[PDB]
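# Secondary and tertiary structure notes
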Amino acid sequence: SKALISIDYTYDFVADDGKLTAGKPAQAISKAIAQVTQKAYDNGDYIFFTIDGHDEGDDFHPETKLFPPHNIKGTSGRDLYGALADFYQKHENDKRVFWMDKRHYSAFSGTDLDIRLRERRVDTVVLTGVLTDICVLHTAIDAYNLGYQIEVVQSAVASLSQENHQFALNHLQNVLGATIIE
Amino acid sequence: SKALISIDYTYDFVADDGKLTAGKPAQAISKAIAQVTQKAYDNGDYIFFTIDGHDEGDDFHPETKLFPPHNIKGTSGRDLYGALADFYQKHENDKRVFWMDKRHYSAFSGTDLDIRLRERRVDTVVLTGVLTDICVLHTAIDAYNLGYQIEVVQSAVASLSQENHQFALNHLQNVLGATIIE
Amino acid sequence: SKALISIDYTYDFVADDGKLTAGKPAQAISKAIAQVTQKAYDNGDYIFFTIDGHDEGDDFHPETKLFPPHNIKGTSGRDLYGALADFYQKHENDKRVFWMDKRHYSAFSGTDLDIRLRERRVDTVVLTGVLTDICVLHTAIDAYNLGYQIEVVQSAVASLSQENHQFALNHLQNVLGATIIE
Amino acid sequence: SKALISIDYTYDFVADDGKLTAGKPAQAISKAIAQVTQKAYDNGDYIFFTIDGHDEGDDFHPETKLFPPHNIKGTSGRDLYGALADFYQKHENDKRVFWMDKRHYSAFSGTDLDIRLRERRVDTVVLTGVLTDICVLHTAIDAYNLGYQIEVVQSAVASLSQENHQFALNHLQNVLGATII
Ligand SMILES: [Zn+2]
Ligand SMILES: [Zn+2]
Ligand SMILES: [Zn+2]
Ligand SMILES: [Zn+2]
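Method information in the entry identifies X-ray crystallography as the source of the structure, with 1.700 Å recorded as the resolution.

In structure tokens form, the structure reads like this:
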């Protein structure tokens, strides 16, 4: 059917003292992203938490030259932010809810996301999380190239700047043919 | 060695009468993209022309909902614009120069670009062509996910608007770690 | 949606004078492979001819060291063998019939086969052609990893090595879970 | 730059009591596979343990119709067999030693193996583990399609029969251009 992808909504990307935080704009979607995730689950959708994870002793990651350390495996920075954490805790062992560690921006890159979606004959991915113009955008581009229909929940994605958030939404709708949802 | 990728610099994307033309901004790079391509070749680089091609009777293409017909196989719209066309004519049988038809925005999607690059142990791709924020950007994202170093020649890429061009260059540099060459 | 994959059933792989011919065992399937292809087409299936296309000099292709030149681009060696040639000629412009050049053994590698199948929401591939233990096997393994259901038409696949043919059929059924249609 | 791939050498695939065991033929390479892994690591190679792992009750897995439950995550069935287990324990935290869960036969499918190899500019993979004609073979075919040179250590891979072991070795050498070591 459909799969909701919950991209990088962690303490380090959202919290005031997060190591790579997008801050207020990211915090602003905390209630919405939790609500839409529960709704998707209620609707029978599959839910995939696709979460940046960096190993401590890893000097071969391109990001190391680009950003300070963040989302370190084994640390609290990788905790989900807001009520979304309660959803995951409550449904940790549900067959329809998945946690996938990732190391690139796209949720598809180096993961088994496409495999799990194909097993379930999912034709549509619904994207939520941060940042609209980076991990959301890269995930959508890979989804497009893999032939998925794409929906993006506008009230449940966010970027550092409104300008970049807007560029990303326009690209998603007008280049990738995604449906932007409330 | 390096490979220069020449992305979609065709009549339909560049020329005044092109079916999906980016117009003056695309035309403005015509001399530079030809020069940089010849230089790369003189310097020992492989050259890959990666060009949008639509089969006439193809209603399963995702772009059908978005754009009017363009770059139709067998038509003059797929002709290379400017002096670039003479470079290709002269090297049509050169084992170091390639023409690859593509159907998605990224030059890697559904093509054998990665295979040809890996055969040659290419570690760096040099991106040129149009549009900076779409086919160039998608190609760069795939390249990043595939572990290539990325250079982008600022004078030999163009977008529909300066704003989009700038979003893309910033993303290439700050998100993908690409070297912007001026 | 179903798709029938017609793998390398060409003069060089089948004919008495073919450059890498499997010989009588491959010729033995000529009527069957034509009939099953026509039937699949009559049933509404998509038909994909996935055909080795090589360059003589190519020291960058690992395969060049392993086998004599075969299926060279521009040569009669790439002609389809038997009545399959008439089928292709008659449907050369049919939206449901495709010709795809390939350079590796698998029909998926470096091609846009997965993309075309996903556009059509194909869930099952029907494999025919040669050789059972090389191109058919590699194509099947890729199809399995990409989440396709797989059928193999026993009367329409062949190898030179009958030992290897049986190994392949056993592997297809017992490892990949393919349906061997007999 | 070389990487040794250690494919599926677990209790469930190897031990007498393993849930999907290949039994004696797999047990036979226990000393050789541990030894060669240690040597590769000594030569400066990267070491990747690529290990079948099934989520409990996962009915969407294609193997569900093919094989009995095996290599269940969180169970002792996924323990490495023989001295190889001591290697992993001792080198768990070593930057050059990796553990990757996989669900298809190939070590590349749905994993980040290609990404990690590319980061390190590895051009050659050295294949060990079981079974020669299934997980080893599929990994090799993926490696070939991804442009890697391939070596296969004959004394540290094994199949259910010599016939299949030999089919796979011949395929690796003659079809994929692998070097048999
Ligand atoms: Zn990160
Ligand atoms: Zn187009
Ligand atoms: Zn061939
Ligand atoms: Zn298994």
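## Topic: the sheet that holds strand β4 (residues 124-130) of chain D
All names here are of chain D. Across the sheet, six strands lie side by side as β3-β2-β1-β4-β5-β6; this open sheet has parallel pairing. Two strands in the sheet have a free side with no partner beyond their single neighbour: β3 (97-102) and β6 (179-180). Set on the sheet, helix α3 (residues 30-42) makes contact with β1 (2-7), β2 (46-52), β3, β4 and β5 (149-158); between it and β5 the angle comes to about 145 degrees.

## Side note on the coordination of the zinc ion (ligand 3)
All names here are of chain C. Bound to the zinc ion (ligand 3) are the protein donor atoms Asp52 (OD), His54 (NE2), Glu63 (OE) and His70 (NE2), situated 2.0 to 2.2 Å from the metal. Considering all four donor atoms around the zinc ion (ligand 3), angles at the metal cover 85 to 175 degrees and the coordination shape is irregular. Look at where the donors of the zinc ion (ligand 3) fall in the sequence and you get D-x1-H-x8-E-x6-H. Of the two residues, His54 and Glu63, neither departs from the other in class, the shared state being buried.

## Some remarks on the relation of the copies chain B and chain C
With an RMSD of 0.6 Å, the operation that places chain B on chain C is a rotation of 179 degrees combined with a shift of 0.0 Å along the axis. On this basis, the relationship between the two copies can be described by a two-fold rotation axis. Across chain B, the rotation axis passes nearest the C-alpha of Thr111 of chain B, at a separation of 2.8 Å. Take the interface residues of chain B: 88% of them recur as interface residues in chain C, which is what a same-surface contact looks like.

## Section: empty space enclosed by the protein
Residues and elements named next belong to chain C. Computed from the structure, the largest cavity encloses a volume of approximately 30 Å³. Around the largest cavity, the lining residues are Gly53, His54, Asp55, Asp58, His61, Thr64 and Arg103. Of the residues that constitute the lining of the largest cavity, the class distribution is no nonpolar, four polar and three charged.

## Considerations on the packing of aromatic side chains
All names here are of chain A. A complete count under the given rule lists 40 aromatic pairs over all chains for this structure. Considering the side-chain rings of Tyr88 and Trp99, the 5.2 Å spacing of their centres and the 50 degrees angle between planes classify their relative orientation as tilted. Linking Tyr88 in helix α4 (residues 84-90) with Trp99 in strand β3 (residues 97-102), this pair joins segments that are eleven residues apart in sequence. Judged by relative accessible area, which is 16%, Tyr88 ranks as buried.

## Digging into the coordination of the zinc ion (ligand 1)
Residue and element names in this part refer to chain A. Taken together, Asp52 (OD), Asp52 (OD), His54 (NE2), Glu63 (OE) and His70 (NE2) make up the protein donors of the zinc ion (ligand 1), found 2.2 to 2.8 Å from the metal. Donor residues for the zinc ion (ligand 1), ordered by position in the chain, follow D-x1-H-x8-E-x6-H. Of this pair, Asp52 sits in strand β2 (residues 46-52) while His70 is found in the loop between β2 and α4, placing the two residues 18 residues apart along the sequence.

## Topic: the pairing of strand β5 (residues 149-158) of chain A
Residues and elements named next belong to chain A. Here β5 lies mainly inside the structure; seven of its ten residues are buried. Bridging between strand β4 (residues 124-130) and β5 involves six bridges; their strand directions are parallel. Pairing of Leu127 across the sheet is with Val152, part of β5. Read from β4 through helix α6 (residues 132-145) to β5, the crossover connection turns out right-handed. Bridge count for β5 against strand β6 (residues 179-181) is three bridges, and the pairing is parallel. Each bridged residue has a counterpart across the sheet, and for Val153 the counterpart in β6 is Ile181.

## Observations concerning the side chain of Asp133 of chain B
Residue placement: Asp133 of chain B occurs in helix α6 (residues 132-145). For the buried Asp133 of chain B, no salt bridge is present, and the opposite-charge side chain at shortest range is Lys102 of chain B, 13 Å distant. Side chain to side chain, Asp133 of chain B and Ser159 of chain B meet in a polar contact 2.7 Å long. Only 3.3 Å separates the side chain of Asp133 of chain B from the side chain of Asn164 of chain B, close enough to count as a polar contact. Among all residues touching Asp133 of chain B, those that are not within four sequence positions of it are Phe167 and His171 of chain A together with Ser159, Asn164 and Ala168 of chain B.

## Comments concerning the interface of chain B and chain C
The interface is formed by 17 residues belonging to chain B together with 16 residues belonging to chain C. For the pair chain B and chain C, the two sides together bury roughly 1,400 Å², of which 52% comes from carbon and sulfur. Looking only at chain B, the three residues that lose the most surface to chain C are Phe60, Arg103 and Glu119 of chain B, adding up to 38% of its buried area. Taken together, chain B and chain C are joined by four salt bridges. One salt bridge connects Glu119 of chain C with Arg103 of chain B, and the closest N-O pair in it is separated by 2.9 Å. Our enumeration of links across chain B and chain C arrives at six residue pairs in polar contact. Per-element accounting of the side of chain B that touches chain C gives the leading share, three residues, to helix α5 (residues 113-119) of chain B. The residue inventory of the side of chain B that touches chain C, partitioned by class, reads four nonpolar, six polar and seven charged.

Thresholds, definitions, all that
Residues numbered from 1 in each chain as written, not as in the entry; some residues may be left out. Chains lettered and ligands numbered in written order. Heavy atoms only, no water. Residues with missing side-chain atoms left out of burial classes, pairs and counts. Pairing = 2+ DSSP bridges. Helix = DSSP H or I, 4+ residues; strand = E, 2+ residues; numbered from the N terminus. Contact = heavy atoms within 4.5 Å. Axes fitted to C-alpha atoms, helices over the stretch in contact; angles between N-to-C directions. Donors = N, O, S within 2.8 Å, 3.2 Å for Na, K, Ca; no water. Tetrahedral: all angles 85-135°; square planar, octahedral: opposite > 155°, others 65-115°. Buried < 20%, exposed > 50% of the residue type's maximum accessible area, 1.4 Å probe, protein only. Least-squares fit on C-alpha atoms. 1 Å grid on protein atoms, 1.4 Å probe; cavity = no way out; pocket = protein on both sides within 12 Å on 5 of 7 lines; lining within 4 Å. Points joined across faces, edges and corners; volume = space filled by probe spheres on them. Nonpolar A, V, L, I, M, F, W, Y, C, P; charged D, E, K, R; others polar. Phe/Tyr/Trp six-rings, centres within 6.5 Å; stacked < 30°, edge-to-face > 60°. Right-handed = clockwise from strand over helix to strand, strands pointing away. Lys, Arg positive; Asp, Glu negative; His and termini not counted. Salt bridge = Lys/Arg side-chain N within 4 Å of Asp/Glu carboxyl O. Polar contact = N/O pair within 3.5 Å; in protein donor to acceptor, adjacent residues only side chain to side chain. Buried area = accessible area lost by both parts, 1.4 Å probe.

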